[PDB]
Amino acid sequence: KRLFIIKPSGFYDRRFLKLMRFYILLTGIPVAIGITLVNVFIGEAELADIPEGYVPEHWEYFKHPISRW
Amino acid sequence: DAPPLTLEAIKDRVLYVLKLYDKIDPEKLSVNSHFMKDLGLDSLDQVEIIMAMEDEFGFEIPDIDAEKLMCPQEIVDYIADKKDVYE
Amino acid sequence: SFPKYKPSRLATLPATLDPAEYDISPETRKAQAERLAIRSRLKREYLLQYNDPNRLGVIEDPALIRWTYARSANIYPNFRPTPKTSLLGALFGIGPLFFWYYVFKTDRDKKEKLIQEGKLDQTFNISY
Amino acid sequence: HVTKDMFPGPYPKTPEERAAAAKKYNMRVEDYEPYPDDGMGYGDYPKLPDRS
Amino acid sequence: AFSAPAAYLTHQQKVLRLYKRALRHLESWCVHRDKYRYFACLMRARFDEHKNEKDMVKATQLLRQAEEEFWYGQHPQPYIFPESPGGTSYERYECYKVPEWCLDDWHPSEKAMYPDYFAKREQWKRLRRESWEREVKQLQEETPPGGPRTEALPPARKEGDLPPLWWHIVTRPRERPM
Amino acid sequence: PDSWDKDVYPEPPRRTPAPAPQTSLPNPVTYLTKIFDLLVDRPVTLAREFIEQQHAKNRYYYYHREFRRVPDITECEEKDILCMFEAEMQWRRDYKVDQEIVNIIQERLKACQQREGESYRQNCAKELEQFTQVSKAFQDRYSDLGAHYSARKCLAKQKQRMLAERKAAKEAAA
Amino acid sequence: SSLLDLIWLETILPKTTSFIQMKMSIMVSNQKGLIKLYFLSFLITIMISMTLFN
Amino acid sequence: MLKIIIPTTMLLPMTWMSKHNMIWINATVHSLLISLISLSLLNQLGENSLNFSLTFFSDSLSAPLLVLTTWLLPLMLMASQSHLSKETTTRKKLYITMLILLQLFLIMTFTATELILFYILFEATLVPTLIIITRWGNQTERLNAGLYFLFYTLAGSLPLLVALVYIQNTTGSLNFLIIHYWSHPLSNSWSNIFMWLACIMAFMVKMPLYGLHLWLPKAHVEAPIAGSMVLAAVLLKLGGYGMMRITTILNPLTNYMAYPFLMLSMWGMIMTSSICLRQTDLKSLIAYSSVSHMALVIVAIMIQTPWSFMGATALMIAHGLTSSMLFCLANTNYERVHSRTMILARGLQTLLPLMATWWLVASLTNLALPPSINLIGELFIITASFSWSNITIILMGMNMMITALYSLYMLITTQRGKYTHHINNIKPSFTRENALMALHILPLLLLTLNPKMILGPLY
Amino acid sequence: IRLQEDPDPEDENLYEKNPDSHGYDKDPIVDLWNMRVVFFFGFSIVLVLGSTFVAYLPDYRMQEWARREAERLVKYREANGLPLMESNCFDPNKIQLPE
Ligand SMILES: CCCCCCCCCCCCCCCCCC(=O)OC[C@H](COP(=O)([O-])OCC(O)COP(=O)([O-])OC[C@@H](COC(=O)CCCCCCCCCCCCCCCCC)OC(=O)CCCCCCCCCCCCCCCCC)OC(=O)CCCCCCCCCCCCCCCCC
Ligand SMILES: CCCCCCCCCCCCCCCCCC(=O)OC[C@H](COP(=O)([O-])OCC[N+](C)(C)C)OC(=O)CCCCCCCCCCCCCCCCC
Ligand SMILES: CCCCCCCCCCCCCCCCCC(=O)OC[C@H](COP(=O)([O-])OCC[N+](C)(C)C)OC(=O)CCCCCCCCCCCCCCCCC
Ligand SMILES: CCCCCCCCCCCCCCCCC[C@@H](O)O[C@H](CO[C@H](O)CCCCCCCCCCCCCCC)COP(=O)(O)OCC[N+](C)(C)C
Ligand SMILES: CCCCCCCC/C=C/CCCCCCCC(=O)OC[C@H](COP(=O)(O)OCCN)OC(=O)CCCCCCC/C=C/CCCCCCCC
Ligand SMILES: *P(=O)(O)OCC(C)(C)[C@H](O)C(=O)NCCC(=O)NCCSC(=O)CCCCCCCCCCCCC
């Protein structure tokens with residue numbers, strides 16, 4: 001024999017958790033993919049001496065491509 | 001975990017204990033015989049019977065409720081009601 | 001005979017050892033009946049409101065409301081400045097302040113004296 | 001639903017006030033006993049036994 | 001717990017409760033069964049010795065002396081059944097007890113997951129709603145004008161009626177809900 | 001490695017003893033190391049080689065900003081707000097640089113202690129002395145300036161220290 | 001909670017100041033509107049201004 | 001700063017021209033957009049502050065507070081839309097307008113570059129708050145609470161105005177950069193003592209200091225949910241920000257005038273934690289917890305070391321977020337049962353599981369559980385106080401023990417136990433409430449991940 | 001009684017008319033769209049984008065620059081026997097003490 005288990009409504013909590021996970025992963029996954037692609041293909045800059053007579057920009061003074069952007 | 005109790009099992013166990021009691025003749029013992037009126041016991045004997053049932057079933061019957069259990073059928077009904085036994 | 005049990009504030013007297021439980025006057029029985037009647041009336045009201053099928057909400061407890069009001073809002077209007085209240089307030093609201101001020105002032109005076117005398121181990125004490 | 005006369009009040013001074021306070025707290029007159037009037041702000045709240 | 005208390009305990013009730021408590025603590029002291037049986041028979045012999053007493057004042061004095069002796073000689077760590085108030089398994093399942101009013105707030109999908117149970121639940125709710133007026137009328141008919149002097153409740157005096165104030169007693173959560 | 005300066009971050013030459021087994025039993029550590037090389041090291045090496053090959057196609061550079069020296073609070077006139085601002089900014093940058101110097105020395109000390117291990121008390125005396133000197137100088141320079149520290153306050157503290165030193169020297173020579 | 005927070009910290013700043021303001025307000029506004037009274041007050045004020053202030 | 005100020009002044013016409021059923025949606029969406037825009041101020045410099053113009057500037061201390069305000073506005077909107085369903089459209093728009101005005105004044109306060117403008121704006125923050133409290137509070141005590149709050153703050157602040165105008169007359173400028181670069185030592189005299197008293201007492205009343213705090217329980221308990229959220233998260237931080245800004249010119253007199261305030265703050269922190277141990281009201285418990293945390297911040301500011309300022313800033317941000325979350329949880333439970341008694345509703349762990357999880361996380365962050373920014377700030381303050389003296393460790397340890405005790409006492413009383421039998425109107429938690437709790441808690445953990453963003457200029 | 005006052009209305013439940021209600025509004029469509037805009041904008045936009053923006057904020061605090069400058073100064077000073085940390089922030093030649 002199986003007896004009915006009286007429990008409070010968990011549908012609303014499950015729905016909230018599902019919606020929150022979806023909306024975090026709605027932009028989270030594309031951001032992670034973009035970050036991975038940028039790191040793999042457009043790597044970080046290599047430190048080098050400033051060529052004489054050349055005035056770089058601040059984004060050329062920063063290293064990571066996303067920080068430079 | 002443990003097998004569920006049944007009305008028949010509760011009745012059999014309480015009758016078992018009462019027949020192992022030495023102040024009750026098992027032949028003139030039935031599920032409707034009263035401890036005082038038609039069995040000839042007294043208050044101390046009833047207290048001992050309630051303690052024996054507590055030992056048998058592993059749970060305590062409060063003193064306010066134990067004083068009113070004057071019949072094996074009453075004990076069966078009380079134990080089944082407390083343990084949620086319906087079949 | 002057996003050693004007596006001395007009740008305390010945080011270990012009260014058991015009911016079975018209370019001498020008042022073995023000296024029962026007929027007035028005491030009437031008082032007990034009145035107390036039971038009061039409890040029964042309150043229980044009946046609560047059970048009616050609790051088993052009402054159409055009720056949807058919280059059963060208000062006037063006793064709880066009185067307790068929360070007396071603990072919070074009814075303290076000041078019943079406060080009178082007496083010698084006991086004045087002494088207790090002065091002590092508990094001033095004494096700790098001056099005690100800690102004295103302690104910290106003495107500690108810092110000793111520290112400054114050591115610093116000026118230049119015999120305090122301040123090496124590696126970079127973060128402050 | 002609580003009325004204004006069913007709230008804790010000042011220290012009861014007369015047997016009429018003590019009877020009214022005892023009735024208010026759903027307590028017997030003989031069992032009702034307020035905290036002493038030390039000016040500590042207890043009011044007519046009963047001093048129930050210090051048990052847990 | 002199922003019986004409404006009286007205004008006081010009679011002398012017989014006091015002495016019976018003392019007898020049971022003393023036997024329990026003696027069993028705590030006498031761990032072994034034969035030793036417990038021996039000393040419990042001696043205890044019942046003492047109670048039988050004092051069983052017949054014409055002087056109720058002397059009986060009360062003997063009860064007081066026995067209570068003092070018990071308090072001196074009680075086991076500091078007596079045996080308590082696991083489900084009993086002092087037991088190790090007391091109130092373990094109180095967090096698993098969920099009520100039917102919580103049940104009726106479910107989503108329609110959750111309700112549809114169990115079609116047959118909720119039909120019987122609706123039958124129970126109809127039974128509850130069709131009897132409340134009779135229950136309250138019966139309660140107010142039998143009570144004295146002054147008010148209830150005890151917590152006892154009456155049965156159903158009629159064939160088509162239910163005992164008043166029954167819903168939560170009948171629908172209380174099971175002892176092992178989950 | 002060429003990522004960091006070996007002179008800025010010193011490291012003694014490692015001396016790994018040659019294995020000299022004395023039993024015919026196999027070496028489980030050797031077998032597990034071989035398995036680790038065959039299952040983890042080679043795949044991660046291939047992945048990193050591909051990643052570096054991708055990096056080399058789009059190589060670009062970033063530079064280290066250079067700041068020229070400006071007159072400090074000693075040269076600044078009284079209530080000359082522009083020079084005071086320039087000197088304060090330069091002092092703050094130098095303060096940050098000194099903090100990083102202390103951090104470098106502390107990292108060297110920690111690494112040497114961990115490396116020497118059981119004989120760190122004797123073998124790390126050289127790094128403890130450098131840290132002692134650096135910490136003493138840093139504390140003397142920026143010990144108790146306060147939450148609202150400034151180049152003026154540090155200059156006043158240095159003036160007080162110099163006056164105390166001059167008084168002590170004059171008393172000694174007297 | 002009771003003695004300090006709810007009684008004495010209330011008595012020192014907010015209650016004593018409010019009581020003083022209430023008492024002074026009652027004292028100032030407790031005037032019967034008698035021109036004889038406040039014109040005699042005017043005379044006293046005029047004499048005080050003439051003598052005290054130099 | 002106009003790229004953040006003007007969008008709020010455009011939020012006002014949006015609120016007053018939106019349709020009756022779209023006011024909350026529009027306000028929430030555009031408040032979130034303004035918060036995203038204001039996230040740009042976190043890119044601070046390592047040498048000097050961000051001087052946008054002659055009127056507004058941003059610093060490593062001003063940026064996190066501005067971001068907190070801009071992030072807190074939509075949460076207040078959600079709670080208000082929860083508890084203001086039956087109000088008329090005009091009154092809903094008025095409430096949203098009050099919230100918008102409060103946010104605008106707070107932004108201009110944190111970005112003001114001059115002391116007198118800062119004073120004007122941080123005094124202007126009283127009017128919307130007073131209107132909100134005394135108009136949309138539920139109980140009869142909202143009027144008395146508003147009176148207490150207003151008069152405490154103003155009695156503190158008027159001598160501050162006199163001191164500011166006197167400082168302007170004496171020195172020539174109240175610009176913060178000028179008073180920092182041209183600061184001169186404050187000689188030990190009665191006049192300087194009373195100037196110090198005026199400034200510090202104004203900000204201590206705003207903090208609030210122990211012995212000057214009654215208005216805080218009065219206002220926080222009796223204000224609506226949005227008012228309670230803004231009172232604890234941001235309005236309490238005006239005192240700390242002002243004290244950090246004003247103590248530039250008060251040295252070296254602060255080394256000697258800080259003893260009474262330090263003793264008051266420490267002992268009152270202990271006393272308010274003990275009060276939290278024996279509170280019969282949940283909102284009062286949270287208010288006194290706020291008092292204890294701000295007393296700790298006062299201690300840090302008064303001891304005035306670079307390690308204390310960082311801890312003070314971190315504790316301010318963490319306490320703001322935690323207090324907002326706790327007030328929201330208490331408001332949800334109040335909306336369930338229409339009463340603030342803590343022991344009235346129990347068993348909420350078995351009645352509402354995810355809300356119990358939110359309660360647990362909020363209580364864990366309330367006590368200093370590492371590596372949370374609450375713990376980071378508290379530990380920095382404790383270490384700075386230990387450097388100051390070696391019995392401050394005794395006081396801080398007692399405070400931490402009582403803090404854990406009362407936090408877990410609140411959690412156990414509200415959640416654990418068995419549910420009240422007669423309370424049968426506790427509906428399942430709403431998606432809006434759960435989203436509000438998530439938006440309260442996730443930024444706290446992200447700031448734990450990146451701690452240097454809230455450690456102030458001294459980092 | 002002393003007034004013509006409305007009785008206190010019973011509390012209204014949003015789940016009664018709309019079983020799948022997010023608690024934002026009475027109208028189901030407006031409620032759903034309020035939930036959608038709140039979740040999308042707040043969580044996705046603010047949380048994810050602002051958090052990654054803060055993570056990838058450029059090093060304007062000059063932590064890396066300060067580390068590189070310290071490395072260069074340590075290299076230069078230790079390569080020439082000079083102390084790693086100077087004993088004076090300013091020049092005593094440029095400081096004129098009173099007599
Ligand atoms: C569900 C709800 C959840 C809610 C959560 C709460 C709320 C969240 C709100 C939103 C939060 C937003 C956060 C924004 C973050 C922004 C991104 C960021 O900052 O990234 C940081 C950082 C990014 O670095 P970067 O500065 O951009 O560039 C790095 C380099 O310069 C350049 O690197 P590179 O050039 O070397 O190339 C690296 C490249 C490539 O690297 C590799 O390829 C490496 C691996 C190679 C393996 C190859 C193996 C071989 C395979 C083939 C084998 C074939 C042969 C087989 C042979 C078999 C044998 C024969 O990889 C990457 O670039 C990694 C990108 C990682 C992106 C992370 C995004 C996080 C989420 C953002 C959105 C938030 C929502 C959630 C979304 C979730 C999405 C899933 O990434 C990481 O840190 C990644 C993790 C690090 C390693 C793992 C952790 C190790 C920890 C060890 C110590 C602890 C141990 C003890 C544990 C505790 C005690 C028990
Ligand atoms: C499998 C997929 C990948 C297939 C790859 C196939 C092989 C490719 C081999 C070649 C790869 C490289 C080719 C191009 C080389 C030059 C790259 C380049 O331009 O580098 C520029 C720079 C390099 O740095 P730089 O300092 O040289 O800058 C030069 C800039 N240019 C050339 C453009 C003038 O790299 C970046 O800027 C990194 C990429 C951008 C990072 C930021 C992205 C933000 C995206 C939007 C965020 C969200 C907005 C919306 C929010 C709301 C949403 C609802
Ligand atoms: C080199 C390229 C790198 C990458 C570049 C990427 C650029 C992207 C450019 C396009 C962006 C705009 C279009 C997409 C907008 C998002 C829609 C979406 O995902 O919906 C799915 C989700 C889920 O959709 P759903 O759940 O309704 O539908 C599921 C499917 N059916 C129909 C079967 C149920 O939409 C929502 O949840 C709707 C919420 C409200 C959305 C309101 C959008 C308003 C307009 C956009 C404003 C953006 C402002 C951002 C902040 C400012 C800038 C930082
Ligand atoms: C259901 C199960 C739950 C658990 C499992 C969830 C899924 C797995 C998640 C596991 C995460 C464990 C922690 C590991 C985190 C890895 C990423 C982290 O390490 O990155 C941090 C990234 O830190 C971010 O900065 C934190 C974002 C902080 C966002 C603050 C709030 C955002 C705005 C919200 C508004 C509210 C304002 C509140 C007041 C300000 C470190 O910073 P950093 O090393 O340097 O980044 C390197 C990139 N660089 C080199 C270019 C710099
Ligand atoms: C500081 C700012 C920085 C720059 C910001 C740039 C982004 C600008 C942000 C624009 C705000 C986005 C819109 C806000 C949400 C609108 C809410 C909404 O859609 O209303 C609900 C809406 C209408 O109201 P009802 O629910 O029907 O009520 C009926 C009552 N009887 O519901 C519906 O039925 C509509 C269903 C289909 C519409 C789908 C819309 C999807 C959203 C995308 C549209 C926007 C276009 C994209 C433009 C991008 C511009 C960069
Ligand atoms: P039933 O209704 O027949 O019960 C008969 C009763 C007992 C009710 C009688 O009708 C009755 O009332 N008789 C007169 C009252 C009386 O019996 N008084 C004396 C009884 S108490 C007594 O004698 C106890 C003495 C011995 C037991 C003392 C317990 C102390 C030992 C405990 C030690 C703790 C660990 C072992």
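Residues numbered from 1 in each chain as written, not as in the entry; some residues may be left out. Chains lettered and ligands numbered in written order. Part of a larger assembly, values for the part shown. Heavy atoms only, no water.

Looking at the entry header, you'll see cryo-EM listed as the method and 3.09 Å as the resolution.

Looking up chain G in the PDB entry gives the name NADH-ubiquinone oxidoreductase chain 5, with the organism given as Sus scrofa.

Chain D is annotated in the PDB entry as NADH dehydrogenase [ubiquinone] 1 beta subcomplex subunit 8, mitochondrial from Sus scrofa.

Caption draft 1: View of the overall build of chain D. Helices and strands together make up the secondary structure of chain D, namely one helix and zero strands. The C-alpha atoms of chain D give 11 Å as radius of gyration, which agrees with the globular expectation for 52 residues (10 Å, within 12%). Per-residue burial over chain D gives 35% buried out of 52 residues. In chain D, of all internal contacts separated by at least 6 residues, the share reaching a separation of at least 24 is 22%. A total accessible area of about 3400 Å² is found for chain D, and carbon and sulfur atoms account for 54% of it. Across chain D, 8 positive and 10 negative side-chain charges occur, with their mean positions spaced 3 Å apart. (Helix = DSSP H or I, 4+ residues; strand = E, 2+ residues; numbered from the N terminus. Rg over C-alpha atoms; globule rule 2.2 N^0.38 Å. Buried < 20%, exposed > 50% of the residue type's maximum accessible area, 1.4 Å probe, protein only. Contact = heavy atoms within 4.5 Å. Areas by Shrake-Rupley, 256 points an atom, 1.4 Å probe, with all protein chains shown as cover. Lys, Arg positive; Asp, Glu negative; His and termini not counted. Charge placed at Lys NZ, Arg CZ, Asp CG, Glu CD.)

Caption draft 2: Up close: unusual backbone geometry. At the junction of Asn251(H) and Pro252(H), the peptide bond is cis and its omega measures out at 0° in the coordinates. Phi at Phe124(C) is positive, roughly 65°, even though this residue is not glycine. Here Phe124(C) is to be found in the segment after α3 (83-117). With a phi close to 60°, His338(H) is a non-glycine residue in the positive phi region. Inspection of the secondary structure assignment puts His338(H) in the loop between α16 (306-337) and α17 (348-351).

Caption draft 3: Looking closely at a nonpolar patch on the surface. A grouping of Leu32(F), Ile35(F), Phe36(F), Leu38(F), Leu39(F), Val40(F) and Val44(F) is seen on the molecular surface, where their side chains present a nonpolar patch of about 670 Å² in accessible area. Turning to its location among the elements, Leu38(F) is positioned in helix α1 (residues 28-57). (Patch = residues over 30% accessible without salt bridge, like charges linked within 9 Å, V, L, I, M, F, W, Y side chains within 5 Å. Salt bridge = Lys/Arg side-chain N within 4 Å of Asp/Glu carboxyl O.)

Caption draft 4: Representation of the site of ligand 3. Taken together, the residues surrounding ligand 3 are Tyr23(A), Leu26(A), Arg36(I), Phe40(I) and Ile45(I). Each of chains A and I places residues next to ligand 3. The protein chains hide 27% of the 1300 Å² of surface that ligand 3 would expose on its own. Contributions of two or more residues to the shell around ligand 3 are made by α1 (11-41) of chain A together with α2 (28-55) of chain I. A total of three residues in the shell around ligand 3 trace back to one element, the largest contributor, which is α2(I). For the shell around ligand 3, the per-class residue count stands at four nonpolar, no polar and one charged. (Near = heavy atom within 4 Å. Nonpolar A, V, L, I, M, F, W, Y, C, P; charged D, E, K, R; others polar.)

Caption draft 5: A look at the interface of chain F and chain I. In this assembly, 41 residues from chain F lie in contact with 31 residues from chain I. When chain F packs against chain I, the two sides together hide about 3300 Å² of surface, and 61% of this comes from carbon and sulfur. Here chain F and chain I share seven salt bridges between them. Linking chain F with chain I are 19 residue pairs in polar contact. Counting only elements with at least two residues in the side of chain F that touches chain I, the list comes to α2 (81-116), α4 (125-142) and α5 (151-173) of chain F. In terms of residue class, the side of chain F that touches chain I is built from 20 nonpolar, five polar and 16 charged. (Buried area = accessible area lost by both parts, 1.4 Å probe. Polar contact = N/O pair within 3.5 Å; in protein donor to acceptor, adjacent residues only side chain to side chain.)

Caption draft 6: Summary view of the nonpolar core. Residues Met302(H), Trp358(H) and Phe39(I) are the most contacted members of the largest nonpolar core, which totals 246 residues. With near-sequence residues (within four places) excluded, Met302(H) lies in contact with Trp196(H), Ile200(H), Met204(H), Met243(H), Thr254(H), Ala258(H), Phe261(H) and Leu262(H). Of all hydrophobic cores here, the second largest spans 25 residues; its members include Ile10(B), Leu29(B), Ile49(B) and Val76(B). (Core = buried A, V, L, I, M, F, W, Y, C linked by side-chain atoms within 4.5 Å.)

Caption draft 7: Molecular detail of a negative patch on the surface. Among the surface-exposed residues, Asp8(I), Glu10(I), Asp11(I) and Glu12(I) lie close enough to one another that they form a single negatively charged patch. With respect to the helices, strands and loops of the structure, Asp8(I) is situated in the segment before α1 (14-17).

Caption draft 8: Geometry of the environment of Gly40(B). Residue and element names in this part refer to chain B. Mapped onto the elements of the fold, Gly40 is located in the loop between α1 (7-20) and α2 (43-57). Owing to a relative accessible area of 61%, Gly40 belongs among the exposed residues under this scheme. Counting along the chain gives 26 residues from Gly40 to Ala66, while the straight-line C-alpha distance between them is 18 Å.

Caption draft 9: Fine view of the packing of α1(A) against helix α18 (residues 353-366) of chain H. With their axes 9 Å apart at the nearest point, α1(A) and α18(H) run at an angle of 60° to one another. Classified by the angle their axes make, α1(A) and α18(H) are oblique. Facing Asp13(A), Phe16(A) and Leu17(A) of α1(A), the residues of α18(H) in contact are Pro353(H), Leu354(H) and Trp358(H). Looking at the contact of α1(A) with α18(H) residue by residue, the classes come out as five nonpolar, no polar and one charged. (Axes fitted to C-alpha atoms, helices over the stretch in contact; angles between N-to-C directions. Parallel < 35°, antiparallel > 145°, perpendicular 65-115°, else oblique.)

Caption draft 10: Fine view of the site of ligand 2. Neighbouring residues of ligand 2: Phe41(A), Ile42(A), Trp59(A), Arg68(A), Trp69(A), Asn58(F) and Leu49(I). Residues near ligand 2 are shared among chains A, F and I, making this a multi-chain site. Within the contact set of ligand 2, an oxygen atom lies 2.5 Å away from a side-chain nitrogen or oxygen of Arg68(A). The protein chains hide 37% of the 1300 Å² of surface that ligand 2 would expose on its own.

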